[PDB]
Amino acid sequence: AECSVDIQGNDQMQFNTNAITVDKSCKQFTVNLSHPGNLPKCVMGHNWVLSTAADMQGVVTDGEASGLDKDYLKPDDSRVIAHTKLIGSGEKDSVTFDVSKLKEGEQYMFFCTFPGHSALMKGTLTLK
């Protein structure tokens, strides 16, 4: 099975996917984020952050309050299982993490922590 996925965040504030499935046979999983828009990071910056469904709100609130210089993520936030950098137009970034950090039966959410974006930019991630 494949253990990577390519995701896009555009100017309309949206991911080209709302659900991800991580095959249990994967040892590591990679996410390739790319920004096909024309707006700069400071106004339409997108990052891909993964946490349990329960931790999402907390991560989003503290992240938005941390500012652009911190890529909108409270430093040393242990709730973030994995995440890419905040990218602007024409930029791209990848993250690879150990699938052992995921458990079956648990509910995970991926989302962008740029002020207000998680309202639309979010989706589910499951270990099947």
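All residue numbers refer to positions in the sequence shown, first residue = 1.
Just going by the entry, 99-107 versus 50-58 on mean CA temperature factor gives the higher value to 99-107. Stretch comparison (77-85 versus 33-41) by mean CA B-factor in the PDB entry places 33-41 on top. Ranked by C-alpha B-factor against the other modelled residues of its chain, residue 14 falls in the highest third. Per the deposited record, the Cα B-factor of residue 127 falls in the highest third when ranked against the other modelled residues of its chain.
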